[PDB]
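Structure file protein_16.pdb; described as PDB, C-alpha atoms.
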ATOM      1  CA  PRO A   1       0.000   0.000   0.000  1.00  0.00           C
ATOM      2  CA  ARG A   2       0.881   3.696   0.149  1.00  0.00           C
ATOM      3  CA  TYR A   3       2.600   5.573   2.925  1.00  0.00           C
ATOM      4  CA  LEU A   4      -0.436   6.073   5.174  1.00  0.00           C
ATOM      5  CA  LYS A   5      -1.160   7.762   8.496  1.00  0.00           C
ATOM      6  CA  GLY A   6      -3.673   7.506  11.299  1.00  0.00           C
ATOM      7  CA  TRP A   7      -6.701   5.248  11.075  1.00  0.00           C
ATOM      8  CA  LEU A   8      -6.093   4.486   7.393  1.00  0.00           C
ATOM      9  CA  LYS A   9      -2.730   2.907   8.203  1.00  0.00           C
ATOM     10  CA  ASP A  10      -4.481   1.005  11.001  1.00  0.00           C
ATOM     11  CA  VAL A  11      -7.255  -0.448   8.833  1.00  0.00           C
ATOM     12  CA  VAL A  12      -4.785  -1.347   6.070  1.00  0.00           C
ATOM     13  CA  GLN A  13      -2.669  -3.315   8.548  1.00  0.00           C
ATOM     14  CA  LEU A  14      -5.806  -5.194   9.616  1.00  0.00           C
ATOM     15  CA  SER A  15      -6.871  -5.953   6.045  1.00  0.00           C
ATOM     16  CA  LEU A  16      -3.427  -7.376   5.254  1.00  0.00           C
ATOM     17  CA  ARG A  17      -3.895  -9.977   8.019  1.00  0.00           C
ATOM     18  CA  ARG A  18      -7.576 -10.746   7.415  1.00  0.00           C
ATOM     19  CA  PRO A  19      -8.238 -14.486   6.946  1.00  0.00           C
ATOM     20  CA  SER A  20      -9.671 -15.676   3.659  1.00  0.00           C
ATOM     21  CA  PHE A  21     -13.176 -17.017   3.064  1.00  0.00           C
ATOM     22  CA  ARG A  22     -12.778 -20.625   1.921  1.00  0.00           C
ATOM     23  CA  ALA A  23     -16.199 -21.691   0.624  1.00  0.00           C
ATOM     24  CA  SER A  24     -17.539 -21.746  -2.928  1.00  0.00           C
ATOM     25  CA  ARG A  25     -19.618 -19.084  -4.658  1.00  0.00           C
ATOM     26  CA  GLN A  26     -23.315 -19.980  -4.916  1.00  0.00           C
ATOM     27  CA  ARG A  27     -24.789 -17.234  -7.102  1.00  0.00           C
ATOM     28  CA  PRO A  28     -24.039 -15.829 -10.565  1.00  0.00           C
ATOM     29  CA  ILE A  29     -22.275 -12.549 -11.240  1.00  0.00           C
ATOM     30  CA  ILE A  30     -24.839  -9.747 -11.551  1.00  0.00           C
ATOM     31  CA  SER A  31     -23.062  -6.770 -13.105  1.00  0.00           C
ATOM     32  CA  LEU A  32     -23.714  -3.596 -11.122  1.00  0.00           C
ATOM     33  CA  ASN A  33     -22.385  -1.259 -13.823  1.00  0.00           C
ATOM     34  CA  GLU A  34     -24.425  -2.977 -16.539  1.00  0.00           C
ATOM     35  CA  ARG A  35     -27.617  -2.733 -14.468  1.00  0.00           C
ATOM     36  CA  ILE A  36     -26.966   0.952 -13.755  1.00  0.00           C
ATOM     37  CA  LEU A  37     -26.834   1.559 -17.509  1.00  0.00           C
ATOM     38  CA  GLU A  38     -30.059  -0.418 -17.917  1.00  0.00           C
ATOM     39  CA  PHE A  39     -31.733   1.882 -15.383  1.00  0.00           C
ATOM     40  CA  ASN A  40     -30.437   4.938 -17.251  1.00  0.00           C
ATOM     41  CA  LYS A  41     -32.009   3.724 -20.504  1.00  0.00           C
ATOM     42  CA  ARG A  42     -35.242   2.931 -18.632  1.00  0.00           C
ATOM     43  CA  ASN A  43     -35.168   6.411 -17.027  1.00  0.00           C
ATOM     44  CA  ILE A  44     -35.223   4.871 -13.543  1.00  0.00           C
ATOM     45  CA  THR A  45     -33.136   6.609 -10.892  1.00  0.00           C
ATOM     46  CA  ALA A  46     -30.266   4.282  -9.980  1.00  0.00           C
ATOM     47  CA  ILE A  47     -29.494   4.289  -6.250  1.00  0.00           C
ATOM     48  CA  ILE A  48     -26.931   2.143  -4.435  1.00  0.00           C
ATOM     49  CA  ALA A  49     -28.141   1.498  -0.894  1.00  0.00           C
ATOM     50  CA  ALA A  50     -25.472   0.716   1.686  1.00  0.00           C
ATOM     51  CA  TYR A  51     -25.602  -1.557   4.705  1.00  0.00           C
ATOM     52  CA  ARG A  52     -23.206  -1.073   7.603  1.00  0.00           C
ATOM     53  CA  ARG A  53     -23.340  -1.164  11.386  1.00  0.00           C
ATOM     54  CA  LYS A  54     -20.589   1.135  12.665  1.00  0.00           C
ATOM     55  CA  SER A  55     -19.027   3.943  10.645  1.00  0.00           C
ATOM     56  CA  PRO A  56     -16.410   6.675  11.150  1.00  0.00           C
ATOM     57  CA  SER A  57     -18.895   9.172   9.673  1.00  0.00           C
ATOM     58  CA  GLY A  58     -22.007   8.353  11.688  1.00  0.00           C
ATOM     59  CA  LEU A  59     -23.438   6.669  14.761  1.00  0.00           C
ATOM     60  CA  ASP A  60     -23.970   2.924  14.617  1.00  0.00           C
ATOM     61  CA  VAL A  61     -27.341   1.545  13.505  1.00  0.00           C
ATOM     62  CA  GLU A  62     -28.488  -1.902  14.657  1.00  0.00           C
ATOM     63  CA  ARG A  63     -31.057  -3.082  12.108  1.00  0.00           C
ATOM     64  CA  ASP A  64     -31.833  -6.488  10.645  1.00  0.00           C
ATOM     65  CA  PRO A  65     -29.612  -6.832   7.541  1.00  0.00           C
ATOM     66  CA  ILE A  66     -31.942  -9.321   5.828  1.00  0.00           C
ATOM     67  CA  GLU A  67     -35.159  -7.321   6.242  1.00  0.00           C
ATOM     68  CA  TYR A  68     -33.159  -4.334   4.977  1.00  0.00           C
ATOM     69  CA  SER A  69     -31.749  -6.045   1.883  1.00  0.00           C
ATOM     70  CA  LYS A  70     -35.076  -7.609   0.881  1.00  0.00           C
ATOM     71  CA  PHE A  71     -36.765  -4.201   1.013  1.00  0.00           C
ATOM     72  CA  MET A  72     -33.989  -2.569  -1.021  1.00  0.00           C
ATOM     73  CA  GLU A  73     -34.243  -5.415  -3.543  1.00  0.00           C
ATOM     74  CA  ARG A  74     -37.559  -3.802  -4.531  1.00  0.00           C
ATOM     75  CA  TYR A  75     -36.077  -0.364  -5.316  1.00  0.00           C
ATOM     76  CA  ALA A  76     -32.273  -0.262  -5.304  1.00  0.00           C
ATOM     77  CA  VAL A  77     -30.018  -0.804  -8.304  1.00  0.00           C
ATOM     78  CA  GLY A  78     -27.436  -2.461  -6.033  1.00  0.00           C
ATOM     79  CA  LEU A  79     -26.345  -3.008  -2.445  1.00  0.00           C
ATOM     80  CA  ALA A  80     -23.060  -1.995  -0.827  1.00  0.00           C
ATOM     81  CA  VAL A  81     -22.107  -4.077   2.223  1.00  0.00           C
ATOM     82  CA  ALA A  82     -19.392  -2.794   4.563  1.00  0.00           C
ATOM     83  CA  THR A  83     -17.230  -5.743   5.648  1.00  0.00           C
ATOM     84  CA  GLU A  84     -14.395  -3.924   7.454  1.00  0.00           C
ATOM     85  CA  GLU A  85     -14.578  -5.153  11.033  1.00  0.00           C
ATOM     86  CA  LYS A  86     -12.843  -2.587  13.278  1.00  0.00           C
ATOM     87  CA  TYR A  87     -14.160   0.806  12.140  1.00  0.00           C
ATOM     88  CA  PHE A  88     -17.355  -0.518  10.497  1.00  0.00           C
ATOM     89  CA  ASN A  89     -18.095  -3.637  12.612  1.00  0.00           C
ATOM     90  CA  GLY A  90     -18.681  -5.508   9.356  1.00  0.00           C
ATOM     91  CA  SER A  91     -18.464  -9.238   8.766  1.00  0.00           C
ATOM     92  CA  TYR A  92     -17.989 -11.664   5.889  1.00  0.00           C
ATOM     93  CA  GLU A  93     -20.895 -13.719   7.247  1.00  0.00           C
ATOM     94  CA  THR A  94     -23.185 -10.691   6.933  1.00  0.00           C
ATOM     95  CA  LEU A  95     -22.234 -10.318   3.267  1.00  0.00           C
ATOM     96  CA  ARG A  96     -22.665 -14.058   2.664  1.00  0.00           C
ATOM     97  CA  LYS A  97     -26.202 -14.004   4.075  1.00  0.00           C
ATOM     98  CA  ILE A  98     -27.223 -10.862   2.176  1.00  0.00           C
ATOM     99  CA  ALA A  99     -25.820 -12.339  -1.040  1.00  0.00           C
ATOM    100  CA  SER A 100     -27.839 -15.508  -0.394  1.00  0.00           C
ATOM    101  CA  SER A 101     -31.073 -13.545   0.126  1.00  0.00           C
ATOM    102  CA  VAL A 102     -31.282 -11.067  -2.784  1.00  0.00           C
ATOM    103  CA  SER A 103     -30.883 -11.211  -6.561  1.00  0.00           C
ATOM    104  CA  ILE A 104     -29.660  -7.640  -7.186  1.00  0.00           C
ATOM    105  CA  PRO A 105     -25.963  -6.759  -7.627  1.00  0.00           C
ATOM    106  CA  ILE A 106     -23.851  -6.523  -4.476  1.00  0.00           C
ATOM    107  CA  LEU A 107     -20.719  -4.418  -3.952  1.00  0.00           C
ATOM    108  CA  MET A 108     -18.200  -5.405  -1.276  1.00  0.00           C
ATOM    109  CA  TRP A 109     -17.313  -2.180   0.572  1.00  0.00           C
ATOM    110  CA  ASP A 110     -13.958  -2.695   2.297  1.00  0.00           C
ATOM    111  CA  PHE A 111     -10.264  -1.719   2.153  1.00  0.00           C
ATOM    112  CA  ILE A 112      -8.842  -4.133  -0.420  1.00  0.00           C
ATOM    113  CA  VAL A 113      -5.052  -4.464  -0.252  1.00  0.00           C
ATOM    114  CA  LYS A 114      -4.431  -8.117  -1.163  1.00  0.00           C
ATOM    115  CA  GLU A 115      -5.700 -10.529  -3.790  1.00  0.00           C
ATOM    116  CA  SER A 116      -7.253 -12.996  -1.332  1.00  0.00           C
ATOM    117  CA  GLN A 117      -9.730 -10.260  -0.383  1.00  0.00           C
ATOM    118  CA  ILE A 118     -10.887 -10.372  -4.008  1.00  0.00           C
ATOM    119  CA  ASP A 119     -11.053 -14.154  -3.732  1.00  0.00           C
ATOM    120  CA  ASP A 120     -13.241 -13.553  -0.673  1.00  0.00           C
ATOM    121  CA  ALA A 121     -15.657 -11.185  -2.423  1.00  0.00           C
ATOM    122  CA  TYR A 122     -16.157 -13.670  -5.264  1.00  0.00           C
ATOM    123  CA  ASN A 123     -16.640 -16.702  -3.015  1.00  0.00           C
ATOM    124  CA  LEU A 124     -18.931 -14.727  -0.690  1.00  0.00           C
ATOM    125  CA  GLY A 125     -21.327 -13.773  -3.504  1.00  0.00           C
ATOM    126  CA  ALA A 126     -20.275 -10.165  -4.085  1.00  0.00           C
ATOM    127  CA  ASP A 127     -20.697  -9.071  -7.691  1.00  0.00           C
ATOM    128  CA  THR A 128     -18.013  -6.372  -7.547  1.00  0.00           C
ATOM    129  CA  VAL A 129     -15.452  -4.953  -5.132  1.00  0.00           C
ATOM    130  CA  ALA A 130     -14.376  -1.437  -4.180  1.00  0.00           C
ATOM    131  CA  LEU A 131     -10.787  -0.375  -4.908  1.00  0.00           C
ATOM    132  CA  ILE A 132      -9.621   2.784  -3.118  1.00  0.00           C
ATOM    133  CA  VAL A 133      -6.970   4.745  -5.007  1.00  0.00           C
ATOM    134  CA  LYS A 134      -5.684   6.707  -2.012  1.00  0.00           C
ATOM    135  CA  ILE A 135      -4.510   3.579  -0.125  1.00  0.00           C
ATOM    136  CA  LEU A 136      -2.922   1.647  -3.020  1.00  0.00           C
ATOM    137  CA  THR A 137       0.110   2.262  -5.177  1.00  0.00           C
ATOM    138  CA  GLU A 138      -0.565   2.583  -8.892  1.00  0.00           C
ATOM    139  CA  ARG A 139       0.903  -0.880  -9.484  1.00  0.00           C
ATOM    140  CA  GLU A 140      -1.135  -2.518  -6.719  1.00  0.00           C
ATOM    141  CA  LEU A 141      -4.258  -0.747  -7.984  1.00  0.00           C
ATOM    142  CA  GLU A 142      -3.711  -2.052 -11.518  1.00  0.00           C
ATOM    143  CA  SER A 143      -2.959  -5.616 -10.397  1.00  0.00           C
ATOM    144  CA  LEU A 144      -6.108  -5.831  -8.263  1.00  0.00           C
ATOM    145  CA  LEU A 145      -8.249  -4.273 -11.000  1.00  0.00           C
ATOM    146  CA  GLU A 146      -6.869  -6.868 -13.420  1.00  0.00           C
ATOM    147  CA  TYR A 147      -7.264  -9.681 -10.878  1.00  0.00           C
ATOM    148  CA  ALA A 148     -10.905  -8.824 -10.185  1.00  0.00           C
ATOM    149  CA  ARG A 149     -11.597  -8.742 -13.926  1.00  0.00           C
ATOM    150  CA  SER A 150     -10.245 -12.297 -14.188  1.00  0.00           C
ATOM    151  CA  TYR A 151     -13.279 -13.292 -12.082  1.00  0.00           C
ATOM    152  CA  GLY A 152     -15.661 -11.439 -14.403  1.00  0.00           C
ATOM    153  CA  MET A 153     -16.089  -8.548 -11.952  1.00  0.00           C
ATOM    154  CA  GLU A 154     -15.903  -4.933 -13.082  1.00  0.00           C
ATOM    155  CA  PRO A 155     -14.192  -3.228 -10.118  1.00  0.00           C
ATOM    156  CA  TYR A 156     -15.532  -0.110  -8.433  1.00  0.00           C
ATOM    157  CA  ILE A 157     -12.779   2.526  -8.330  1.00  0.00           C
ATOM    158  CA  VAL A 158     -13.076   5.120  -5.537  1.00  0.00           C
ATOM    159  CA  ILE A 159     -11.606   8.595  -6.132  1.00  0.00           C
ATOM    160  CA  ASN A 160     -11.422  11.703  -3.935  1.00  0.00           C
ATOM    161  CA  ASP A 161      -9.324  14.348  -5.718  1.00  0.00           C
ATOM    162  CA  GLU A 162      -7.597  15.128  -9.012  1.00  0.00           C
ATOM    163  CA  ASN A 163      -4.728  12.791  -8.085  1.00  0.00           C
ATOM    164  CA  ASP A 164      -7.053   9.812  -7.652  1.00  0.00           C
ATOM    165  CA  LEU A 165      -8.869  10.641 -10.887  1.00  0.00           C
ATOM    166  CA  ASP A 166      -5.738  10.941 -13.028  1.00  0.00           C
ATOM    167  CA  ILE A 167      -4.548   7.587 -11.690  1.00  0.00           C
ATOM    168  CA  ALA A 168      -7.973   5.993 -12.188  1.00  0.00           C
ATOM    169  CA  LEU A 169      -7.950   6.984 -15.865  1.00  0.00           C
ATOM    170  CA  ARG A 170      -4.334   5.818 -16.200  1.00  0.00           C
ATOM    171  CA  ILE A 171      -5.020   2.258 -15.010  1.00  0.00           C
ATOM    172  CA  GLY A 172      -8.068   1.989 -17.258  1.00  0.00           C
ATOM    173  CA  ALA A 173     -10.912   2.400 -14.780  1.00  0.00           C
ATOM    174  CA  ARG A 174     -14.374   2.231 -16.348  1.00  0.00           C
ATOM    175  CA  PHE A 175     -16.505   2.218 -13.158  1.00  0.00           C
ATOM    176  CA  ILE A 176     -15.707   5.179 -10.900  1.00  0.00           C
ATOM    177  CA  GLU A 177     -17.150   6.437  -7.627  1.00  0.00           C
ATOM    178  CA  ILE A 178     -16.557  10.168  -7.180  1.00  0.00           C
ATOM    179  CA  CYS A 179     -16.595  10.365  -3.386  1.00  0.00           C
ATOM    180  CA  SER A 180     -17.114  13.779  -1.796  1.00  0.00           C
ATOM    181  CA  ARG A 181     -15.859  12.499   1.584  1.00  0.00           C
ATOM    182  CA  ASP A 182     -12.101  12.642   2.123  1.00  0.00           C
ATOM    183  CA  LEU A 183     -11.170   9.408   3.882  1.00  0.00           C
ATOM    184  CA  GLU A 184      -8.208  10.928   5.745  1.00  0.00           C
ATOM    185  CA  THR A 185     -10.179  13.807   7.296  1.00  0.00           C
ATOM    186  CA  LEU A 186     -13.818  12.698   6.720  1.00  0.00           C
ATOM    187  CA  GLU A 187     -14.620  16.223   5.507  1.00  0.00           C
ATOM    188  CA  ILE A 188     -17.075  16.625   2.622  1.00  0.00           C
ATOM    189  CA  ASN A 189     -16.473  18.862  -0.406  1.00  0.00           C
ATOM    190  CA  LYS A 190     -19.175  18.689  -3.075  1.00  0.00           C
ATOM    191  CA  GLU A 191     -17.726  21.478  -5.229  1.00  0.00           C
ATOM    192  CA  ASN A 192     -14.545  19.458  -5.729  1.00  0.00           C
ATOM    193  CA  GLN A 193     -16.747  16.412  -6.367  1.00  0.00           C
ATOM    194  CA  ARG A 194     -18.697  18.160  -9.135  1.00  0.00           C
ATOM    195  CA  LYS A 195     -15.422  19.456 -10.575  1.00  0.00           C
ATOM    196  CA  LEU A 196     -14.129  15.883 -10.854  1.00  0.00           C
ATOM    197  CA  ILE A 197     -17.417  14.684 -12.371  1.00  0.00           C
ATOM    198  CA  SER A 198     -17.096  17.291 -15.128  1.00  0.00           C
ATOM    199  CA  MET A 199     -13.634  15.927 -16.013  1.00  0.00           C
ATOM    200  CA  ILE A 200     -14.609  12.240 -16.358  1.00  0.00           C
ATOM    201  CA  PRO A 201     -15.318  11.272 -19.998  1.00  0.00           C
ATOM    202  CA  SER A 202     -18.771  10.096 -21.003  1.00  0.00           C
ATOM    203  CA  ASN A 203     -17.888   6.411 -21.491  1.00  0.00           C
ATOM    204  CA  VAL A 204     -17.244   5.868 -17.744  1.00  0.00           C
ATOM    205  CA  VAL A 205     -19.997   4.729 -15.383  1.00  0.00           C
ATOM    206  CA  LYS A 206     -20.046   7.426 -12.695  1.00  0.00           C
ATOM    207  CA  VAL A 207     -21.359   7.037  -9.140  1.00  0.00           C
ATOM    208  CA  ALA A 208     -21.704  10.033  -6.830  1.00  0.00           C
ATOM    209  CA  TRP A 209     -21.318   9.270  -3.123  1.00  0.00           C
ATOM    210  CA  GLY A 210     -21.124  11.440  -0.029  1.00  0.00           C
ATOM    211  CA  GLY A 211     -23.727  13.298   1.996  1.00  0.00           C
ATOM    212  CA  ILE A 212     -26.475  12.738  -0.576  1.00  0.00           C
ATOM    213  CA  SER A 213     -29.840  13.269   1.101  1.00  0.00           C
ATOM    214  CA  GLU A 214     -32.254  15.038  -1.297  1.00  0.00           C
ATOM    215  CA  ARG A 215     -34.018  14.135  -4.528  1.00  0.00           C
ATOM    216  CA  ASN A 216     -33.027  17.634  -5.671  1.00  0.00           C
ATOM    217  CA  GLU A 217     -29.250  17.142  -5.684  1.00  0.00           C
ATOM    218  CA  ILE A 218     -29.782  13.760  -7.354  1.00  0.00           C
ATOM    219  CA  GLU A 219     -31.487  15.452 -10.308  1.00  0.00           C
ATOM    220  CA  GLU A 220     -28.743  18.090 -10.442  1.00  0.00           C
ATOM    221  CA  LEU A 221     -25.983  15.467 -10.399  1.00  0.00           C
ATOM    222  CA  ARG A 222     -27.794  13.468 -13.088  1.00  0.00           C
ATOM    223  CA  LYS A 223     -27.678  16.534 -15.350  1.00  0.00           C
ATOM    224  CA  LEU A 224     -23.874  16.530 -14.921  1.00  0.00           C
ATOM    225  CA  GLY A 225     -23.607  12.957 -16.247  1.00  0.00           C
ATOM    226  CA  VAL A 226     -23.791  10.945 -13.010  1.00  0.00           C
ATOM    227  CA  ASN A 227     -25.202   7.477 -13.701  1.00  0.00           C
ATOM    228  CA  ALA A 228     -25.944   6.276 -10.156  1.00  0.00           C
ATOM    229  CA  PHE A 229     -26.112   7.640  -6.620  1.00  0.00           C
ATOM    230  CA  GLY A 230     -24.849   5.991  -3.452  1.00  0.00           C
ATOM    231  CA  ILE A 231     -26.699   6.764  -0.227  1.00  0.00           C
ATOM    232  CA  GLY A 232     -25.776   5.359   3.177  1.00  0.00           C
ATOM    233  CA  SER A 233     -26.813   6.875   6.495  1.00  0.00           C
ATOM    234  CA  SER A 234     -29.987   8.447   5.101  1.00  0.00           C
ATOM    235  CA  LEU A 235     -31.381   5.099   3.932  1.00  0.00           C
ATOM    236  CA  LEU A 236     -29.993   3.149   6.898  1.00  0.00           C
ATOM    237  CA  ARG A 237     -32.073   5.351   9.209  1.00  0.00           C
ATOM    238  CA  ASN A 238     -35.209   5.439   7.022  1.00  0.00           C
ATOM    239  CA  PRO A 239     -35.195   2.837   4.227  1.00  0.00           C
ATOM    240  CA  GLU A 240     -38.508   4.065   2.809  1.00  0.00           C
ATOM    241  CA  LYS A 241     -36.900   7.382   1.844  1.00  0.00           C
ATOM    242  CA  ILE A 242     -35.549   5.627  -1.266  1.00  0.00           C
ATOM    243  CA  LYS A 243     -39.105   5.682  -2.618  1.00  0.00           C
ATOM    244  CA  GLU A 244     -38.805   9.480  -2.590  1.00  0.00           C
ATOM    245  CA  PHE A 245     -35.405   9.474  -4.308  1.00  0.00           C
ATOM    246  CA  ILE A 246     -36.696   7.259  -7.134  1.00  0.00           C
ATOM    247  CA  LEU A 247     -40.248   8.627  -7.368  1.00  0.00           C
TER     248      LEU A 247
END

Write the structure described by the file as structure tokens, please.
Amino acid sequence: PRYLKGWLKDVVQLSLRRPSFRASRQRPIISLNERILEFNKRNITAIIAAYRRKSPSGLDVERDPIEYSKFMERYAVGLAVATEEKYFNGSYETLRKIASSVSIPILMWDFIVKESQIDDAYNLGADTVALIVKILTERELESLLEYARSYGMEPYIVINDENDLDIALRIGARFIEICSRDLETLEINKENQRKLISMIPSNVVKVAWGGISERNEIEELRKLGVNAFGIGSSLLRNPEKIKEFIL
């Protein structure tokens, strides 16, 4: 990984020592990026609903993950499941059970630093995996993107600033999350986010994430070329608010 500081260095050290999941996949690959594009052509708002328990950017919610996922299966374009265990209190077993319960695409939301974590996502049932530019060297980022594509997954490349974006385009990313939340400081900057969105060519599937809470800003981001919208704490507190974001 990169030279890191603070909690990011901590979580990366944990991910490097995380044991592998050694069972066999039991569901097909359901492409999240392909389904997003299907929603765009159908003029349906594409929203990625997240499940997590703890979070550095929010108090912990204790809700049934299976009741949650089944409800979101009716409205969401995909599900993000946080599996990091220290700062998010996530679990591989939680992802396994969600993947066994729903038939919509599932994104593994974690801090991927080694290949076996991509083995884990595949065997667990995840349809794609998040790769975070700011914690990986360019070479590591490219290897893991290429490794995940060997499974038939289209990886989900997370960017924060113009450095992350330039690198993402360099290593041939086609599925980008423009995150407004800086992971080092947890501060949100939507102006920088919209600046990065304007610089991403049209052939990339773009996901806006960070502090999204209103149908209004979803329509404004859509007019800038954003294909899908990730929403976490808002939907974790009130799942039925997704009906407002889509309708």

Within-8 Å shell of (-25.2, -6.6, -3.9) in input frame, all atoms listed in the file, as JSON, numbers by chain: {"A": [32, 78, 79, 80, 81, 98, 99, 102, 103, 104, 105, 106, 107, 108, 126, 127]}

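Near residue 247 (chain A), within a cut-off of 12 Å and counting all atoms listed in the file, sit the residues residues 43, 44, 45, 46, 47, 75, 214, 215, 216, 218, 219, 240, 241, 242, 243, 244 and 245 of chain A, with same-chain residues fewer than 2 positions away left out.
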
Return as lines of an AutoDock Vina configuration file the box centre and box size in Å, one decimal, for an axis-aligned box around all listed atoms of region 52-63 of chain A padded by 6 Å per side.
center_x = -23.7
center_y = 3.0
center_z = 11.2
size_x = 26.6
size_y = 24.3
size_z = 19.2

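Distances here use all atoms listed in the file; by that measure, the residue among A:73, A:182, A:110, A:142 closest to residue 167 (chain A) is A:142.
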
Spatial neighbours of residue 141 (chain A), max dist 12 Å, all atoms listed in the file, sep filter under 6 positions, as number ranges by chain: A: 1-2, 111-115, 130-135, 147-148, 155-158, 164, 167-173

Residue 3 (chain A) surroundings by all atoms listed in the file, 12 Å radius, close-in-sequence under 3 positions cut, as a PyMOL selection string: chain A and resi 6+8-10+12-13+134-137

For the contact check between region 159-203 of chain A and region 33-42 of chain A, emit one row per residue of region 159-203 of chain A within 12 Å, containing the shortest atom pair and the distance in Å rounded to one decimal, counting all atoms listed in the file, chain then rising number order, as JSON lines.
{"residue": "A:174", "atom": "CA", "partner": "A:33", "partner_atom": "CA", "distance": 9.1}
{"residue": "A:175", "atom": "CA", "partner": "A:33", "partner_atom": "CA", "distance": 6.9}
{"residue": "A:176", "atom": "CA", "partner": "A:33", "partner_atom": "CA", "distance": 9.7}
{"residue": "A:177", "atom": "CA", "partner": "A:33", "partner_atom": "CA", "distance": 11.2}
{"residue": "A:203", "atom": "CA", "partner": "A:37", "partner_atom": "CA", "distance": 10.9}

Filtering to C-alpha atoms, could you give me those residues as a PDB file, in the frame of the given file?
ATOM      1  CA  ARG A 174     -14.374   2.231 -16.348  1.00  0.00           C
ATOM      2  CA  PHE A 175     -16.505   2.218 -13.158  1.00  0.00           C
ATOM      3  CA  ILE A 176     -15.707   5.179 -10.900  1.00  0.00           C
ATOM      4  CA  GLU A 177     -17.150   6.437  -7.627  1.00  0.00           C
ATOM      5  CA  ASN A 203     -17.888   6.411 -21.491  1.00  0.00           C
TER       6      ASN A 203
END

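With all atoms listed in the file as the atoms that count, the minimum distance from residue 200 (chain A) to the choices A:180, A:128, A:165, A:152 is reached by A:165.
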
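Remark: residues at most 7 Å from position (-16.4, 8.9, -7.2) in file coordinates are residues 158, 159, 160, 176, 177, 178, 179, 206, 207, 208 and 209 of chain A, using only C-alpha atoms.
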
Carefully work through the PyMOL selection byres ((chain A and resi 122) around 10) for this structure and note down the residues it includes, as an mmCIF file with C-alpha atoms, in the coordinates of the input.
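out01.cif was written with the following content:
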data_model
loop_
_atom_site.group_PDB
_atom_site.id
_atom_site.type_symbol
_atom_site.label_atom_id
_atom_site.label_comp_id
_atom_site.auth_asym_id
_atom_site.auth_seq_id
_atom_site.Cartn_x
_atom_site.Cartn_y
_atom_site.Cartn_z
ATOM 1 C CA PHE A 21 -13.176 -17.017 3.064
ATOM 2 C CA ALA A 23 -16.199 -21.691 0.624
ATOM 3 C CA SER A 24 -17.539 -21.746 -2.928
ATOM 4 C CA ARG A 25 -19.618 -19.084 -4.658
ATOM 5 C CA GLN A 26 -23.315 -19.980 -4.916
ATOM 6 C CA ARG A 27 -24.789 -17.234 -7.102
ATOM 7 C CA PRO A 28 -24.039 -15.829 -10.565
ATOM 8 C CA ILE A 29 -22.275 -12.549 -11.240
ATOM 9 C CA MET A 108 -18.200 -5.405 -1.276
ATOM 10 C CA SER A 116 -7.253 -12.996 -1.332
ATOM 11 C CA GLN A 117 -9.730 -10.260 -0.383
ATOM 12 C CA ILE A 118 -10.887 -10.372 -4.008
ATOM 13 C CA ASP A 119 -11.053 -14.154 -3.732
ATOM 14 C CA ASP A 120 -13.241 -13.553 -0.673
ATOM 15 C CA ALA A 121 -15.657 -11.185 -2.423
ATOM 16 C CA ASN A 123 -16.640 -16.702 -3.015
ATOM 17 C CA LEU A 124 -18.931 -14.727 -0.690
ATOM 18 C CA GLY A 125 -21.327 -13.773 -3.504
ATOM 19 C CA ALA A 126 -20.275 -10.165 -4.085
ATOM 20 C CA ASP A 127 -20.697 -9.071 -7.691
ATOM 21 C CA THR A 128 -18.013 -6.372 -7.547
ATOM 22 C CA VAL A 129 -15.452 -4.953 -5.132
ATOM 23 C CA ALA A 148 -10.905 -8.824 -10.185
ATOM 24 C CA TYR A 151 -13.279 -13.292 -12.082
ATOM 25 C CA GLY A 152 -15.661 -11.439 -14.403
ATOM 26 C CA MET A 153 -16.089 -8.548 -11.952
#

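Here the question is which of A:31, A:57, A:201, A:100 gets nearest to residue 183 (chain A) using only C-alpha atoms, and that residue is A:57.
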
Residue members of the PyMOL selection byres ((chain A and resi 194-196) around 8) in the file shown, as a PyMOL selection string: chain A and resi 161-162+165+178+190-193+197-200+221+224

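In this comparison, which uses only C-alpha atoms, the residue of A:56, A:94, A:89, A:15 approaching residue 181 (chain A) most closely is A:56.
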
Separation of CA of residue 87 (chain A) from CA of residue 109 (chain A), in Å and rounded to one decimal: 12.4 Å

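Proximity of A:238, A:233, A:20, A:163 to residue 53 (chain A), computed with all atoms listed in the file, is greatest for A:233.
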
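Shortest atom-to-atom contact with residue 91 (chain A) among A:217, A:222, A:52, A:59: A:52, counting all atoms listed in the file.
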